[PDB]
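Below you'll find the structure, written out as structure tokens, and then a few comments.
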Ligand SMILES: [Cu+2]
Ligand SMILES: [Cu+2]
Ligand SMILES: [Cu+2]
Ligand SMILES: [Cu+2]
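In the working numbering, the protein residues as written are 60 to 546.
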């Protein structure tokens, strides 16, 4: 999908494992939203046409372009009742933003309730004509993009026990009977090197990713190019994205591509949680290859390519702004808490209350879930390792100066990305960013069912500069009036 494109949103009855069709939310006709691409600095004009009719899900919609900074285009970011009011059925809205200096692997998904778990999700790649990693691969195209998703047999409409089927490129098996399901085939040729862009479109579990008999060389992490680091296995979290170069150097043949979920049926019995890596000329056949070898990816081992300074001073507590975020709960699942306040979405989108003249955070809503950050400042965020939550910051990436699983602080060359697991009981994951982006920017667990429960806070960054920095098209202006009239 192009730079100026339409993108109808519509239900359709999909049956990705062969077990039984279900009514889902999607873009166009596919269980994986259609790949979108451009180039660095391109200007996207993405006409979303809401055409939804299944009243058992949500029929409104709002799309987020994950990992794009949206500087000057905060109204386009996508979060429901943060940056916009939802688009109504029988209406449309053109998200129009630029991607100045960002090439890499992103994705896009609904950001209204848990509606992306009913289907609205897919890949977004921004190529770099001048990419420093070009020499490390012969192939990078629509065929080298690899999506993982957790699929639900029942409409979204809690903390659901777990997903039902792991789909790779929208395909995979389940145990109604695994044989009911197709396997996704990623095709390669001997001697060729491939930039696979691996996209977790997941609403919840993390996956342990691997390619039987093959090594993976990491060059890119959540949009950002890193020094080439070679591994055999990988855990990818909700919303995360890695590029890995895979050389087809083993014996011509079939090989399992593995994706072990953190929740739901795990393991590979029957070929669940799998896909096929097949060589030109191999038999059209089911793999029989055995899984992985030692060298797992450790986040603490990735280094950003182009010289990044973990902003600020190299002491924890050394940023200009140090906030410590602690997570609280609630029995069932409808009230998560951070520093004693759940995220409860207001009727007035936080961008709206601000543009309107509500500048003191104290008066913003919801109460306490919103923190104002001052401009051109260095921020240190710590989140006491709760229970494996993949936290995601909008409008920015960050240096994770303390990686899940390592008592050290690294201000020298920490990983930079935009989704990070807080690990659990033992961890104190901390990162740092710079508030150079006037905007109300979300920070939430990317476990979709946790955000729906209130696990989230809104960063109202450079409040004085938001109306000025952001130029608001009349079409943004009537989302809320047309939504608030609904029925
Ligand atoms: Cu996302
Ligand atoms: Cu995002
Ligand atoms: Cu979570
Ligand atoms: Cu978000």
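Quick reminder that beta carbons are idealized off the backbone N, C-alpha and C, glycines included.
Short note on residue 168: C-beta not closer than 6 angstroms to any heavy atom of ligand 2. As DSSP reads the structure, residue 204 sits in a beta bridge with 256.
At a Cβ-Cβ threshold of 7 angstroms, residue 184 and residue 152 do not count as neighbours. Residues of the same chain with a CB within less than 7 angstroms of the CB of residue 201, apart from the 5 flanking positions on each side, are 94 in chain order. A Cβ-Cβ separation of about 18 angstroms leaves residue 460 out of contact with residue 449 under the 8 angstroms criterion.
Here the alpha carbons of residue 271 and residue 347 stand approximately 10 angstroms from one another. In the pairwise beta carbon analysis, the stretch 437 to 455 is classified as touching the stretch 504 to 512: at least three pairs are separated by under 8 angstroms. Setting aside the 5 residues that flank it on each side, residue 420 is surrounded in the same chain by 429, 430, 431 and 519, each with a C-beta closer than 7 angstroms to its C-beta; the list follows chain order. For residue 125, the shortest C-beta to heavy atom distance toward ligand 2 is below 6 angstroms. The beta carbon of residue 134 is closer than 8 angstroms to those of 142, 143, 410, 529, 531, 532 and 535 in its chain, skipping five residues each way along the sequence. DSSP lists 502 as the beta-bridge partner residues of residue 452. DSSP, read as helix, strand or coil, puts residue 167 in strand. Linking residue 416 to residue 457 through their CA atoms gives a straight-line distance of about 30 angstroms. In the three-state reduction of the DSSP assignment, residue 155 falls in the strand class, which pools E and B. Close CB contacts of residue 542 within its chain, under the 7 angstroms cut and outside five residues either way in sequence, are with 119, 144, 145 and 147 (chain order). C-alpha of residue 129 to C-alpha of residue 260: approximately 20 angstroms in a straight line.
In this structure, the alpha-carbon of residue 387 lies about 9 angstroms from that of residue 514. Residue 373 is classed as exposed because its beta carbon has fewer than 16 other beta carbons within 10 Å across all chains shown. Within the stretch 308 to 334, the runs of beta strand (DSSP E) at least 3 residues long that lie entirely inside it are, in chain order, 313 to 320. Each residue's CA atom was taken as its position, placing residue 478 and residue 239 some 34 angstroms apart.
If you draw a 10 Å sphere on the C-beta of residue 454, you find 16 or more other C-beta atoms in it, and that means buried. In the same chain as residue 188, and ignoring 5 residues on each side of it, the C-beta atoms closer than 8 angstroms to its own belong to 98 and 99, in chain order. Considered as a whole, the stretch 336 to 367 harbours no complete run of any beta strand (DSSP E) with no fewer than 3 residues.
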